Amino acid sequence: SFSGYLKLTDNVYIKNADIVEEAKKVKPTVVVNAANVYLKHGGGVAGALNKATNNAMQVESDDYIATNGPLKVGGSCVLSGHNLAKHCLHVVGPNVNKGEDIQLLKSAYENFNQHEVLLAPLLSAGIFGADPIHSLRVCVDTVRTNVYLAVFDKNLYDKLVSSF
Ligand SMILES: CC(C)[C@H](Nc1ncnc2[nH]ccc12)c1ccc2c(c1)S(=O)(=O)CCC2
């Protein structure tokens, strides 16, 4: 199971950890990917999860987009978790560096409520340009299911916990 997490609320937990390493250790039912609408897993969390699958996540993702078209910002899709989890929930948070509306961050976190328990990153943080403190607050105020957040930066983890 999940270990070494700090409990923030009745249902939100947080740890300073690499989500790829956490997925390989736990093999959760659901791992969330910080996806873009095209499912092009080039960098950040998406690039790291895809590299751990030996590119099998990208091959599956390109077939999904060829059939269905792109996702919406704030939307999601369920695909295989490959060697990392039973399933991967690909969720698109708004990328502020592309001028996407930050209000769509709450819609993105609502996708988590369709799963009883998930391993996830903070949406729209990092190269998506949003304030991580804001992302954690939207997470706690929107997600009702059990979410285990992996934040791979000790300095940011300490700032998130000390300001919570
Ligand atoms: C540095 C943290 C803010 C964090 N990094 C991480 N958090 C957890 N496992 C990780 N493995 C490798 C890095 C990594 C973070 C959280 C969310 C997002 C990104 C980064 S991003 O990939 O830059 C863009 C998408 C959203």
Side-chain angles (χ1 to χ4, degrees), residues 1-3 5-15 17-41 44-50 52-53 56-96 100-126 128 130 132 134-152 160 164:
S1 70
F2 293 92
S3 61
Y5 284 75
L6 169 67
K7 185 171 178 66
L8 295 181
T9 69
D10 176 52
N11 64 299
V12 179
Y13 295 83
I14 194 169
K15 184 180 178 181
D18 176 347
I19 193 173
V20 173
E21 293 303 310
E22 200 78 352
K24 295 175 187 181
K25 168 189 165 196
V26 177
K27 300 198 183 56
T29 300
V30 179
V31 65
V32 173
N33 180 30
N36 53 55
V37 297
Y38 306 106
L39 301 184
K40 285 301 185 193
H41 310 306
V45 166
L49 286 175
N50 177 60
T53 73
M57 179 182 283
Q58 188 64 67
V59 162
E60 178 194 31
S61 292
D62 285 345
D63 168 86
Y64 173 92
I65 298 285
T67 297
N68 297 292
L71 279 65
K72 292 172 179 178
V73 176
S76 68
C77 68
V78 179
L79 292 177
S80 182
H82 301 275
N83 56 319
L84 300 177
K86 173 163 193 190
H87 302 292
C88 180
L89 180 71
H90 297 271
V91 181
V92 185
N95 185 326
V96 169
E100 301 176 342
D101 177 16
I102 195 60
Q103 299 182 110
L104 293 164
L105 187 53
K106 190 170 180 72
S107 301
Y109 273 114
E110 289 170 340
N111 294 284
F112 284 33
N113 291 320
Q114 301 291 318
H115 300 280
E116 288 201 339
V117 64
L118 311 91
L119 168 61
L122 287 164
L123 301 178
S124 292
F128 278 47
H134 176 61
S135 188
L136 175 60
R137 182 53 61 193
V138 175
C139 181
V140 161
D141 293 343
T142 306
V143 183
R144 298 177 300 283
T145 55
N146 293 324
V147 57
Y148 289 87
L149 295 167
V151 172
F152 196 29
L160 286 168
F164 185 66

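No hydrogens, no waters, no symmetry mates; every other heavy atom, side chains included, goes into these values. For the single chain, residues carry numbers from 1 onward in sequence order.
The side-chain heavy atoms of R137 and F164, taken from C-beta on, include a pair separated by under 4.5 Å. Side-chain contact between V59 and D63: absent, with no pair of heavy atoms (C-beta onward) separated by less than 4.5 Å. Counting heavy atoms from C-beta on, the side chains of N146 and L118 never come closer than 4.5 Å. Side-chain contact check for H115 versus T145: every heavy-atom pair is 4.5 Å or farther apart. Side-chain contact check for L122 versus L160: some heavy-atom pair is nearer than 4.5 Å. Counting heavy atoms from C-beta on, the side chains of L105 and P94 come closer than 4.5 Å.
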Run the side-chain donor-acceptor check on residues 26-33: report pairs under 3.5 Å with partners two or more places apart or on a different chain.
residue	atom	partner	partner atom	Å
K27	NZ	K24	O	2.8
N33	ND2	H41	ND1	3.3
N33	ND2	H90	ND1	3.0

Residues 74-84, side-chain donor-acceptor partners within the protein, below 3.5 Å, at least two apart:
residue	atom	partner	partner atom	Å
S76	OG	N111	OD1	2.8
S80	OG	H82	N	3.0
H82	NE2	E60	OE1	2.8
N83	ND2	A52	O	2.9

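Taking OH of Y109 as the reference point, atom CZ of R144 lies at 14.5 Å (rounded to 0.5 Å). For the atom pair CG of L123 and CZ of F128, the computed distance is 9.0 Å after rounding to the nearest 0.5 Å.
Shortest non-hydrogen contact noted between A150 and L119 is CB-CD1, 4.2 Å. Summarising the geometry of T9 relative to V12, their closest heavy-atom pair is OG1-N, 3.0 Å, with the distance given to 0.1 Å.
For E22, the salt bridge (charged side-chain N to carboxylate O under 4.0 Å, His left out) partners are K15, not counting sequence neighbours.
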Go through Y148 and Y5 one step at a time and tell me if the ring pair (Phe, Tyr, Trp, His ring centres under 6.0 Å) criterion holds. CA-CA 8 Å; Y148 289 87; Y5 284 75; 5.1 Å; yes
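Within a 6.0 Å radius of NZ in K25, other residues, nucleotides and ligands contribute more than 12 heavy atoms. Within a 6.0 Å radius of CD in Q114, no more than 12 heavy atoms belonging to other residues, nucleotides or ligands are found.
Side-chain N or O atoms of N50 include none that pairs as donor or acceptor with a backbone N or O of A46 at under 3.5 Å.
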